[PDB]
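Q: Encoded as structure tokens, here's the structure I'll be asking about.
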Amino acid sequence: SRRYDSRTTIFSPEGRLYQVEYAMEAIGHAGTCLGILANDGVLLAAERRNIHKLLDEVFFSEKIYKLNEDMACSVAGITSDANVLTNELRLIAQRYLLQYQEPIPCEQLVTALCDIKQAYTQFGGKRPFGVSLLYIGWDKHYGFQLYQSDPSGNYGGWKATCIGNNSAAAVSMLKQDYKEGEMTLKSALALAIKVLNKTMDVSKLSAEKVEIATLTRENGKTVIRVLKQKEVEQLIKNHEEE
Amino acid sequence: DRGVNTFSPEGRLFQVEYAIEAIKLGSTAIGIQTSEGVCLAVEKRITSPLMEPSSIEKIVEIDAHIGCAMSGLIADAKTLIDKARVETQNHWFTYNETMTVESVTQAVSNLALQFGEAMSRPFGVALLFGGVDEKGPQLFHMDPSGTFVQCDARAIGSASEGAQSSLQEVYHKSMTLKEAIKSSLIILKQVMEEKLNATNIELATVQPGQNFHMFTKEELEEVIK
Amino acid sequence: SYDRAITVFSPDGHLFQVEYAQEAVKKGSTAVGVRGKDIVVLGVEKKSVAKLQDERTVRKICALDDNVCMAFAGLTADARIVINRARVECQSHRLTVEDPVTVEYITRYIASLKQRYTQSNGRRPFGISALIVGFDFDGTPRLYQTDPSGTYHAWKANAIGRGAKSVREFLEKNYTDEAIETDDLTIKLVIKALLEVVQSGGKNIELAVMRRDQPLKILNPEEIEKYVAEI
Amino acid sequence: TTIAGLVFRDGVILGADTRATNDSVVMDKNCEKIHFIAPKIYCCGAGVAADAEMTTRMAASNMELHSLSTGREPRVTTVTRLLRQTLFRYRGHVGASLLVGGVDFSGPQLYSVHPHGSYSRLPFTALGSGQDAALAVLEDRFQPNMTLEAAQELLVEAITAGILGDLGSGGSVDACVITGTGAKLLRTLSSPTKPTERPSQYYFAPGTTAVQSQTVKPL
Amino acid sequence: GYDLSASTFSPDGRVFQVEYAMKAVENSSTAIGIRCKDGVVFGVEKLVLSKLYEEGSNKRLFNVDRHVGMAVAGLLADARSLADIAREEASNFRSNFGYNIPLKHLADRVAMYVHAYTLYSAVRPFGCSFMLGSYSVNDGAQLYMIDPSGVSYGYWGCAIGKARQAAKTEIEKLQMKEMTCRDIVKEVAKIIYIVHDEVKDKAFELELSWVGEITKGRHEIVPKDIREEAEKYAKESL
Amino acid sequence: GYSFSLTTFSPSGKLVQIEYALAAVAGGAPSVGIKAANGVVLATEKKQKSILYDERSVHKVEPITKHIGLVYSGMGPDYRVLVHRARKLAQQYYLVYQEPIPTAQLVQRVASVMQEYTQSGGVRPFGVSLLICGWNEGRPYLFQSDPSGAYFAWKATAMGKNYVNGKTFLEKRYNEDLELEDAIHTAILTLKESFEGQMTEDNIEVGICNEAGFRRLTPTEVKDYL
Amino acid sequence: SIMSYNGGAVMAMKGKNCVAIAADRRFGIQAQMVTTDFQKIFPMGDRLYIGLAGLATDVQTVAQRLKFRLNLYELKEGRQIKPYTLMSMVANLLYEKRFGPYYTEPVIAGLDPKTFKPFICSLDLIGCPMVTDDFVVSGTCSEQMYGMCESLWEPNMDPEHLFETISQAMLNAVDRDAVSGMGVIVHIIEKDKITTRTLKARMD
Amino acid sequence: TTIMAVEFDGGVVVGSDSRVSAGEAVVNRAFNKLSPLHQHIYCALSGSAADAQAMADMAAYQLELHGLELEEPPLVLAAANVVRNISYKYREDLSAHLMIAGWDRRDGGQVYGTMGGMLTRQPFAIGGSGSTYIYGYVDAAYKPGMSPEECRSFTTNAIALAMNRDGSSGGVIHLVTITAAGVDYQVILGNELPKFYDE
Amino acid sequence: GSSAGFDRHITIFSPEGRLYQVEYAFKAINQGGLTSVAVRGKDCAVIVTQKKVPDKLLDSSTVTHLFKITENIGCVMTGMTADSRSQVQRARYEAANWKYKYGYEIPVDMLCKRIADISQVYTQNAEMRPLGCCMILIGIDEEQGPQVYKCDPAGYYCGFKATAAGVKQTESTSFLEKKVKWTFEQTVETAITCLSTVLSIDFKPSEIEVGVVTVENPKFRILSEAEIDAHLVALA
Ligand SMILES: *[B]([O])([O])[C]([C][C]([C])[C])[N]C(=O)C1=[C]N([C]2[C][C][C][C][C]2)N=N1
């Protein structure tokens with residue numbers, strides 16, 4: 001038994017957690033996920049990996065999951081691991097609503113999931129979840145928000161951020177193009193396309209290679225929708241002329 | 001890689017032997033039992049000048065008639081100290097009387113080898129139990145192997161070998177508490193790397209009729225002269 | 001259930017995993033605490049000062065109750081767990097003793113939890129160190145420091161995290177009674193100490209002061225800038 | 001409730017009334033009491049209505065799993081063993097009184113299963129509050145090896161006796177004919193009763209009802 | 001390393017841990033069992049490792065039931081545990097079915113219990129072998145042997161321990177099928193004296209037990225005076 | 001049992017046990033799935049080692065419900081476990097909602113079970129890939145669930161031996177207006193490209209899914225198509 | 001009885017391509033009235049409502065646990081629940097407490113999400129369904145409601161006539177019941193719109 | 001319910017009535033209360049129908065497994081012990097007396113009464129609600145050395161006398177004769193039952 | 001033939017996608033040195049197995065590889081003896097339980113599948129090794145007639161017309177391959193001949209074991225030394 005134990009939750013000689021770092025390596029090669037916060041909403045733009053011609057389309061999306069009435073998330077890393085965490089997020093949100101009869105504040109939902117992730121890195125002997133997430137949501141305390149969390153159990157709030165393939169280069173572009181408090185959903189969508197065009201290495205951006213979701217407030221209610229091919233195609237056209 | 005309960009070729013438990021090694025890196029503690037009572041002195045071993053000397057507690061009260069000096073991994077000692085306090089209070093509740101020094105030491109010792117894969121390893125600490133019961137002043141010593149024994153004079157910690165030699169050359173059956181207190185401080189000063197003042201050491205006594213008493217700064221200075 | 005012994009004794013009498021946990025603390029952000037007359041000063045290196053970050057979401061300085069604050073260094077995810085365990089402890093203590101906990105009482109609870117994770121099957125030790133401050137029921141200032149092994153000590157002034165030695169070495173020669181005489185003088189000692197390791201000292205340092213019967217009063221960019229300006 | 005079954009020359013006929021009552025008030029005038037267990041096995045339920053419904057659903061589900069694994073047609077004896085072993089476990093608290101009928105490899109089989117878990121294999125049975133009336137018709141006119149039409153008429157007369165004699169039964173007669181070849185579910189095989197035509201009537205105009213507030217929400 | 005665990009098969013399809021446990025049995029002293037017409041006789045060459053030990057110390061002949069005797073070889077502590085398992089099995093059978101457990105069924109139960117310690121890394125295979133002898137009017141004389149792997153068989157004559165091969169040759173010369181317990185006791189004693197080594201393992205005590213028509217189906221130690229004749233006869237033989 | 005994971009992350013960020021499970025799937029017998037306009041076809045090569053085997057004793061195409069069928073590529077005994085678990089999941093869903101479980105819902109639950117075996121203590125991942133077909137709300141579905149627990153919706157796909165060529169063949173032969181009968185023909189042809197010698201009605205299994213339900217094609221029926 | 005401790009009445013009526021659900025608004029403990037605007041009808045979709053009568057505490061608990069379950073269902077399945085599926089979901093929820101039941105008898109009313117076919121049903125406290133083609137009632141004045149519904153209900157009623165029918169049925173029924181009343185709320189569910197009306201009722 | 005079993009040289013005769021009752025209503029007038037636990041071992045049921053049926057099935061299962069493990073036909077005493085064990089363990093919950101009768105090669109024909117967890121071997125046993133009315137009859141009519149034919153006649157008479165007097169008994173008389181040769185079933189219908197003083 | 005980590009010690013996947021421990025379990029079946037052959041007739045099923053008892057002090061009657069699972073189901077074990085006994089004990093229990101809960105006798109193929117499923121668990125869990133044995137089952141099914149099933153250490157099971165297991169398994173498969181491509185006497189003679197030909201041995205009555213089930217007499221039966229002799233003389 002001791003001879004086969006891989007010892008996933010122990011400190012290495014230089015105080016590092018190897019399994020957590022190795023899981024971060026996996027997230028770095030996965031599809032690009034970017035989140036941008038604007039004055040009138042938030043958006044999620046993710047590169048699609050499933051692009052084969054014989055693939056069928058019948059779900060809400062591929063990398064964007066609705067968590068509750070006012071929150072959505074995007075994942076990067078192990079697909080099957082993401083399904084487990086996304087289902088857990090939904091339960092946490094519903095449990096909060098059952099108890100207080102109010103939608104769970106965005107940051108509280110992220111923190112609850114990060115607690116589960118941290119637990120895997122400290123005890124149990126299991127390998128950690130190889131997922132990084134981006135959260136977009138609206139709540140009555142802070143309005144429109146954007147969060148990013150990783151396998152170690154750490155999370156942070158952002159105005160614009162990126163995870164996955166070439167996220168370091170995507171973050172650089174965002175720093176020089178994002179205008180604090182002067183961004184709009186239309187202007188955020190253009191930036192997303194611009195950033196996505198650079199990080200991705202396939203010349204023509206293509207509407208079939210991406211998925212975009214926006215979160216806005218309409219008549220006192222949150223509206224989350226995935227942009228259709230037409231709208232996405234038009235956005236790509238704009239960049240060409242841009 | 002072996003398990004925590006692996007025996008060595010010479011008949012010893014590796015982990016218990018490694019825990020005894022940890023006791024050697026700890027501060028020196030001295031215990032002396034005489035006819036008038038028992039005194040416990042421990043070197044505070046303050047690491048820096050910005051550190052508050054009062055926060056360091058190497059000598060504690062288990063009960064009114066029993067004192068305890070620790071050496072080694074201080075954090076592990078707290079678990080045992082609390083256990084001992086609970087034992088004596090439980091004994092008081094059940095039998096309406098005080099627990100003897102030997103009994104308390106026995107109860108604390110029974111938690112030494114209780115580890116496996118619940119403690120995952122043995123405690124890295126050595127204890128000195130001093131107090132007064134029906135048999136008079138009593139000094140007991142317990143180590144990581146669960147072995148406990150009554151002693152007349154005992155030193156534990158980093159400089160225990162040197163301290164023991166002095167102790168056995170200057171200890172007799174008739175010596176009073178005053179001599180013990182002075183003798184124990186003399187040896188402490190000789191094996192202490194730093195200078196022995198009234199803020200860098202700890203002293204406590206327990207005599208027949210008097211409760212566990214931790215010497216104050218003023219009382220140490222008087223004796224230190 | 002995973003019951004493997006993770007923290008065991010090494011041949012020299014050391015606890016390998018505990019020493020590895022201390023290595024993790026060394027890579028953490030520098031935190032500095034200093035005792036004052038009637039206010040405690042806590043200075044933490046903000047480091048990550050990105051322009052796309054929501055600063056409020058990643059605070060190192062936290063409140064444990066209405067009378068006790070704390071700073072940490074090392075694994076940030078481990079820190080969040082310990083902070084929340086202490087919060088529950090403070091609530092429990094107010095419902096069974098009908099009185100707020102003292103600074104040492106919460107430090108003891110936190111230190112005891114850290115020690116428990118160095119002698120328990122199936123788990124590694126917490127990879128953090130904490131600086132705890134505040135004032136007791138009467139009104140005296142306290143500064144405690146716990147580490148991964150579970151040992152805690154009271155200090156006049158202390159530093160933790162990366163380059164803690166350097167800030168500790170410099171703290172001995174600069175800590176006095178005149179230096180911690182006035183409230184605005186307690187903010188001067190900290191900053192200088194932080195400046196010995198914090199790159200581009202100024203907007204890379206977070207600040208917080210705990211006063212008498214006053215809530216976590218975090219300082220602001222311009223508030224801190226004043227002191228930086230003069231200095 | 002009146003439920004009844006008989007074994008005839010080529011198969012099984014099950015019967016039931018369609019009245020569901022809450023104490024002394026009719027709640028449902030068309031409750032379906034003959035339930036599918038498997039393609040060639042049906043069940044009539046009496047007793048506690050929520051227990052019957054759950055018990056038969058659980059059994060049908062387990063019997064479908066069984067037949068997916070074995071790859072064969074389920075036996076009536078298996079249904080009786082699953083049902084009776086479940087009911088005995090609950091010591092009568094699950095108040096399901098059932099008539100189980102079906103045709104398998106060994107031929108037609110009829111069983112009565114009672115709430116505590118006891119069972120009996122018989123050529124004709126009746127259950128429910130109208131059971132004595134139906135049983136009197138069977139005792140008086142049952143013969144072994146009847147033809148399909150004679151058995152259908154006999155079972156209808158037995159259910160009808162319960163419908164007219166027992167205040168807990170009413171409505172229509174439903175039947176289920178099971179043979180080696182097919183299953184004929186005849187929901188509403190006979191309709192012996194009906195609401196009267198009604199002489200005059202009542203009419204409410206436009207704003208007969210006074211309204212305090214109104215919100216319209218378009219979809 | 002393919003021989004560190006019982007849950008690991010080696011490349012040529014062997015469980016080396018089970019085979020290592022069999023080596024322990026081969027280091028032990030010899031014990032033989034002979035089935036005749038009237039019952040079963042057990043004989044053990046109990047080595048006296050010290051003069052300080054009392055006579056009858058570390059016995060290798062057990063009573064697992066009123067009508068069942070057990071002769072063991074190998075690790076005595078492992079064997080004592082197996083004897084307790086067998087006793088409990090016999091007692092359990094009497095409680096559930098109301099009568100004396102048949103020997104074959106008892107041998108099956110114990111063997112499967114033994115077999116359970118040869119599949120995992122969590123436990124290690126038992127280091128002993130044992131024989132089970134019994135006699136009843138209905139079943140007659142029965143003799144079974146179970147080894148560390150868990151395999152059990154019925155025998156006419158059996159031997160376990162270091163000199164199991166030499167003892168077997170001696171046992172084959174006898175015609176136990178038509179013999180009776182009384183005359184077989186002397187023969188068993190004789191064989192043990194022949195296979196006993198003098199150069200090595202000096203000084204041994206002979207243990208004898210039997211069950212059959214002569215003891216009315218009760219397994220017991222052979223009466224001292226009857227064992228005297230056997231010891232005398234065996235000494236003269238060799 | 002062991003409480004630690006057997007599948008861990010390597011230095012480059014991979015989970016080698018899952019990759020090794022995929023190698024077992026890739027060396028398995030070829031399986032094809034084609035979604036037509038009014039149905040789905042599941043075809044698999046079932047070549048026995050000898051004529052001693054009873055062809056009609058074991059099947060590779062299995063029904064989960066009346067409207068859901070399954071097929072696999074990889075380790076047969078692992079496949080049996082999942083089939084039994086899928087049937088159980090479908091019945092649990094039916095007990096609660098009183099309606100046949102939608103194909104997508106069943107795939108998600110089966111994939112979740114497979115994901116569990118890549119993280120749970122003392123176990124290896126399943127060495128099988130599944131092809132699930134179904135008909136819900138007047139529409140056909142085709143899903144693929146692999147060892148990691150990931151699942152994809154396909155129009156047409158192939159797994160097992162020579163799956164890469166099979167997929168390329170399908171891309172140059174599949175169209176959206178295809179019919180079930182036409183889909184069945186191109187499904188058998190796909191298997192023929194990687195087949196060894198002589199495709200009969202005893203060495204191949206075909207399952208179909210339409211509005212009537214899911215059913216395994218009888219050998220007589222398969223002979224006619226061949 | 002535990003079912004008359006708080007009072008209350010709910011009824012659902014089927015019309016021509018539409019459904020109606022109504023309830024009393026009184027919340028009271030035994031003889032004493034506490035409030036006159038207690039909610040008994042909860043939305044469970046665009047064109048799907050559930051009415052709960054019985055013990056007030058269980059009315060709120062059942063509605064909340066059902067909302068919890070329905071929300072999770074909609075996220076996982078990515079679609080709106082069917083009226084009949086909701087009935088099964090509710091029955092399953094009530095049957096779980098077979099021995100220690102929730103004291104409430106739910107009434108479901110709605111139109112199917114794709115075909116807009118009217119659907120109504122009523123369950124008991126144990127979870128036994130009663131799908132009907134005309135109407136369903138639940139509460140302390142069920143006998144009075146049955147009387148009103150049996151003689152007033154007509155097949156193929158349009159939204160206006162259906163409103164009048166259910167309104168008169170509830171008004172006259174709750175007026176003969178001591179612990180039910182203090183206002184009546186009515187929901188008319190059509191394919192394109194939801195109309196909610198509060199009726200002028202007796203407050204004694 | 002009336003059940004009876006008699007031992008004879010070479011086997012046993014066991015019989016019972018066919019009435020299942022629920023108060024004053026006859027729910028089953030032709031029920032078979034004689035149930036086989038094994039090839040040559042039978043048990044008569046009395047008391048609660050559900051309890052007796054469940055116990056009989058549990059025992060049949062345990063005996064079947066036991067027989068395949070021991071590679072031989074189970075003894076009658078073993079079957080009685082298994083029934084006794086279940087009956088004693090659940091005495092507080094079970095309300096059924098399972099009378100055991102059969103044949104084995106070691107002890108021949110044996111009859112065991114196992115009511116309430118107590119096991120007793122008898123030359124003849126009677127049970128059920130109707131058995132109280134025939135105690136006097138069996139004590140005066142029973143003779144040692146009876147043949148199987150006489151045993152069958154003795155059993156039929158006793159059951160018939162009980163059926164006439166006991167409201168809970170009636171219908172037909174089921175009869176089984178067990179020997180080394182096998183099991184012989186027999187049904188005495190209502191119009192073929194022994195007639196005694198009736199008016 | 002690539003390997004990595006602990007793939008040759010526990011049941012985890014190797015780089016090629018193989019399970020070495022399961023493959024080693026197949027080699028453990030051949031350690032006993034015996035061969036078994038099962039043949040399905042038109043209305044019967046016959047199992048023949050080598051009976052080697054060269055110890056001489058052993059009680060011949062207790063040395064057997066033929067077992068009765070239920071009244072109508074027989075089986076022959078090949079491989080590690082103790083592993084076989086536990087598998088036989090498990091099969092007996094599974095059959096008894098099936099009858100108890102479903103009210104009818106377990107079909108041969110259902111029993112084989114149940115045993116195969118239990119074997120599969122050992123190939124997926126690391127803490128326990130697979131059994132080093134093989135089980136062949138025979139019996140009469142009401143509709144399908146005579147059945148012959150076999151399951152191995154991998155958890156794979158199948159129905160056969162004729163099959164074999166053990167040391168000379170491959171040659172038995174070949175021998176029967178031609179023959180298959182039968183009355184009770186013909187089925188029995190075919191089985192004995194296959195075993196004799198692949199082992200190059202002129203069998204004697206006490207050197208083989210025979211088990212049968214027929215449509216006329218479904219009960220699993222073991223032939224006596226005299227019954228086997230009659231067939232042996234007819235083959236000679
Ligand atoms: B007898 O009267 O004792 C008889 C013997 C049984 C069949 C073993 N018992 C009963 O008459 C009898 C009837 N019931 C139930 C009554 C309620 C309806 C179901 C049957 N239980 N035992």
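Each chain in the structure tokens gets a letter, A, B and so on, in the order shown; residues start at 1 in every chain, and ligands are counted from 1 in the order they appear.
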As a ChimeraX atom specification, please: all residues of range 43-220 of chain B that backbone DSSP puts in helix (DSSP H, G or I).
A: /B:53-55,74-95,101-109,160-170,177-191,217-220
Q: Can you tell me, as a PyMOL selection string, what residues are no more than 7 Å from residue 124 in chain E when counting only C-alpha atoms, ignoring any on the same chain fewer than 5 positions away?
A: chain E and resi 6+117-118
Q: Selected residues, C-alpha atoms, written as a PDB file, in the first residue's frame, please.
A:
```pdb
ATOM      1  CA  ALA E   6       0.190 -11.786  -2.027  1.00  0.00           C
ATOM      2  CA  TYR E 117      -5.100 -14.513   3.360  1.00  0.00           C
ATOM      3  CA  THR E 118      -3.513 -15.220  -0.050  1.00  0.00           C
TER       4      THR E 118
END
```
Q: Identify all residues of range 180-242 of chain A in strand (DSSP E or B) (DSSP on the backbone) and supply them as a ChimeraX atom specification.
A: /A:210-217,222-226
Q: Considering only C-alpha atoms, give me a table of residues in chain A that are at most 7 Å from chain C, with the closest atom pair and distance in Å for each, as a Markdown table.
A:
```
| residue | atom | partner | partner_atom | distance |
| --- | --- | --- | --- | --- |
| A:9 | CA | C:124 | CA | 6.8 |
| A:10 | CA | C:124 | CA | 5.7 |
| A:11 | CA | C:20 | CA | 6.0 |
| A:12 | CA | C:20 | CA | 6.6 |
| A:13 | CA | C:20 | CA | 5.5 |
| A:14 | CA | C:23 | CA | 5.9 |
| A:15 | CA | C:24 | CA | 4.4 |
| A:16 | CA | C:24 | CA | 6.8 |
| A:118 | CA | C:77 | CA | 6.3 |
| A:122 | CA | C:123 | CA | 5.8 |
| A:123 | CA | C:123 | CA | 4.5 |
| A:124 | CA | C:2 | CA | 5.3 |
| A:125 | CA | C:2 | CA | 6.1 |
| A:152 | CA | C:77 | CA | 7.0 |
| A:153 | CA | C:77 | CA | 5.6 |
| A:154 | CA | C:77 | CA | 5.5 |
| A:156 | CA | C:57 | CA | 5.8 |
| A:157 | CA | C:54 | CA | 4.8 |
| A:158 | CA | C:53 | CA | 4.4 |
| A:159 | CA | C:52 | CA | 4.9 |
| A:160 | CA | C:52 | CA | 5.7 |
| A:175 | CA | C:52 | CA | 6.8 |
```
Q: The selected residues should be written to file as a short mmCIF file (atom, residue, chain, number, x, y, z; two decimals), in the first residue's frame (atoms: N, CA, C and O atoms).
A:
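Output contents, as saved in again-v6.cif:
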```
data_model
loop_
_atom_site.label_atom_id
_atom_site.label_comp_id
_atom_site.auth_asym_id
_atom_site.auth_seq_id
_atom_site.Cartn_x
_atom_site.Cartn_y
_atom_site.Cartn_z
N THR A 9 -0.73 14.92 -1.88
CA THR A 9 -0.88 16.09 -1.03
C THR A 9 0.25 16.33 -0.02
O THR A 9 -0.03 16.56 1.15
N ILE A 10 1.50 16.28 -0.46
CA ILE A 10 2.61 16.55 0.44
C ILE A 10 3.50 17.65 -0.10
O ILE A 10 3.52 17.91 -1.30
N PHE A 11 4.21 18.31 0.79
CA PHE A 11 5.12 19.38 0.42
C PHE A 11 6.37 18.79 -0.18
O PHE A 11 6.85 17.76 0.26
N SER A 12 6.90 19.46 -1.20
CA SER A 12 8.17 19.04 -1.77
C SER A 12 9.27 19.73 -0.97
O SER A 12 9.01 20.64 -0.18
N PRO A 13 10.53 19.34 -1.17
CA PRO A 13 11.65 19.95 -0.44
C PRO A 13 11.70 21.49 -0.44
O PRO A 13 12.07 22.06 0.58
N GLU A 14 11.34 22.15 -1.54
CA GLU A 14 11.35 23.61 -1.58
C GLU A 14 9.98 24.22 -1.28
O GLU A 14 9.67 25.31 -1.75
N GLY A 15 9.17 23.52 -0.49
CA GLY A 15 7.86 24.00 -0.10
C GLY A 15 6.85 24.13 -1.23
O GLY A 15 6.01 25.02 -1.21
N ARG A 16 6.93 23.25 -2.22
CA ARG A 16 6.00 23.31 -3.34
C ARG A 16 5.06 22.12 -3.39
O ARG A 16 5.35 21.07 -2.84
N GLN A 118 -9.12 23.65 -2.33
CA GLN A 118 -8.04 23.71 -1.36
C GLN A 118 -7.95 22.41 -0.57
O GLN A 118 -6.86 21.91 -0.32
N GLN A 122 -4.69 19.43 0.41
CA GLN A 122 -4.16 19.26 1.76
C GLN A 122 -4.31 17.86 2.35
O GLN A 122 -3.42 17.38 3.04
N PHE A 123 -5.43 17.20 2.08
CA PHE A 123 -5.65 15.86 2.61
C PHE A 123 -6.46 14.99 1.66
O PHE A 123 -7.03 15.49 0.70
N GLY A 124 -6.50 13.69 1.93
CA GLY A 124 -7.26 12.77 1.12
C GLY A 124 -6.50 11.85 0.19
O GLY A 124 -7.00 10.79 -0.18
N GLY A 125 -5.31 12.25 -0.22
CA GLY A 125 -4.50 11.43 -1.12
C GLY A 125 -4.96 11.35 -2.57
O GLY A 125 -4.49 10.51 -3.32
N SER A 152 -5.18 25.34 -7.15
CA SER A 152 -4.67 25.48 -5.79
C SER A 152 -5.73 25.92 -4.78
O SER A 152 -5.61 25.66 -3.59
N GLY A 153 -6.78 26.57 -5.27
CA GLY A 153 -7.84 27.05 -4.41
C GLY A 153 -7.78 28.56 -4.26
O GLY A 153 -8.51 29.14 -3.47
N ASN A 154 -6.93 29.19 -5.05
CA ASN A 154 -6.79 30.64 -5.03
C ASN A 154 -7.73 31.26 -6.05
O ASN A 154 -8.02 30.66 -7.08
N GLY A 156 -9.35 35.42 -7.52
CA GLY A 156 -9.22 36.87 -7.50
C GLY A 156 -10.21 37.56 -8.41
O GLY A 156 -10.67 36.97 -9.38
N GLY A 157 -10.54 38.80 -8.09
CA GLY A 157 -11.45 39.59 -8.89
C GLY A 157 -10.66 40.33 -9.95
O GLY A 157 -9.54 40.75 -9.70
N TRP A 158 -11.23 40.48 -11.14
CA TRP A 158 -10.54 41.15 -12.24
C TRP A 158 -11.44 42.05 -13.08
O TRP A 158 -12.65 41.90 -13.08
N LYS A 159 -10.82 42.98 -13.79
CA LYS A 159 -11.53 43.86 -14.70
C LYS A 159 -11.50 43.20 -16.08
O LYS A 159 -12.42 43.34 -16.88
N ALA A 160 -10.42 42.48 -16.34
CA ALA A 160 -10.20 41.75 -17.57
C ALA A 160 -9.11 40.75 -17.24
O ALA A 160 -8.16 41.08 -16.54
N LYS A 175 -3.81 44.78 -20.87
CA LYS A 175 -3.26 45.87 -20.08
C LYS A 175 -3.17 47.19 -20.85
O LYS A 175 -3.40 48.26 -20.29
#
```
Q: Kindly determine which residues of chain H lie within 9 Å of chain D, considering only C-alpha atoms, and give the answer as a PDB file with C-alpha atoms, in the first residue's frame.
A:
```pdb
ATOM      1  CA  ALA H  25     -64.656 -13.643   5.450  1.00  0.00           C
ATOM      2  CA  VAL H  27     -60.259 -15.000   1.547  1.00  0.00           C
ATOM      3  CA  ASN H  28     -59.017 -18.314   0.130  1.00  0.00           C
ATOM      4  CA  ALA H  30     -58.525 -23.852  -1.215  1.00  0.00           C
ATOM      5  CA  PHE H  31     -55.115 -22.777   0.121  1.00  0.00           C
ATOM      6  CA  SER H  48     -50.000 -15.623  10.082  1.00  0.00           C
ATOM      7  CA  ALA H  49     -49.873 -16.400   6.356  1.00  0.00           C
ATOM      8  CA  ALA H  50     -47.240 -13.739   5.638  1.00  0.00           C
ATOM      9  CA  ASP H  51     -44.912 -14.764   8.483  1.00  0.00           C
ATOM     10  CA  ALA H  52     -45.171 -18.488   7.716  1.00  0.00           C
ATOM     11  CA  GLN H  53     -44.600 -17.958   3.990  1.00  0.00           C
ATOM     12  CA  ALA H  54     -41.567 -15.762   4.634  1.00  0.00           C
TER      13      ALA H  54
END
```
Q: Could you check how far CA of residue 158 in chain D sits from CA of residue 128 in chain D, in Å to one decimal?
A: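 So the answer is 12.5 Å.
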Q: Could you list, as number ranges by chain, all the residues within 6 Å of ligand 1, counting only C-alpha atoms and all ligand atoms?
A: D: 114; H: 1, 20-22, 33, 45-49, 52, 128, 168
Q: Mind listing as a PyMOL selection string which residues of chain E are within 10 Å of chain F, counting only C-alpha atoms?
A: chain E and resi 120-122
Q: Up to 6 Å from chain A, what residues of chain F turn up? Count only C-alpha atoms and give them as a PyMOL selection string.
A: chain F and resi 4-5+8-9+11+13+149-150+153-156
Q: Applying 10 Å and only C-alpha atoms, which residues near range 70-74 of chain A remain after dropping the ones on its own chain fewer than 2 positions away? List them as a ChimeraX atom specification.
A: /A:33-35,43-46,62-68,76,82,86,89-90,93,103-106,109,132-139,144-148,163,213-217,221-225
Q: Find the residues near residue 33 in chain E: any atom within 6 Å, counting only C-alpha atoms, skip ones fewer than 5 places away on the same chain, and give them as a PyMOL selection string.
A: chain E and resi 41-42+157-158
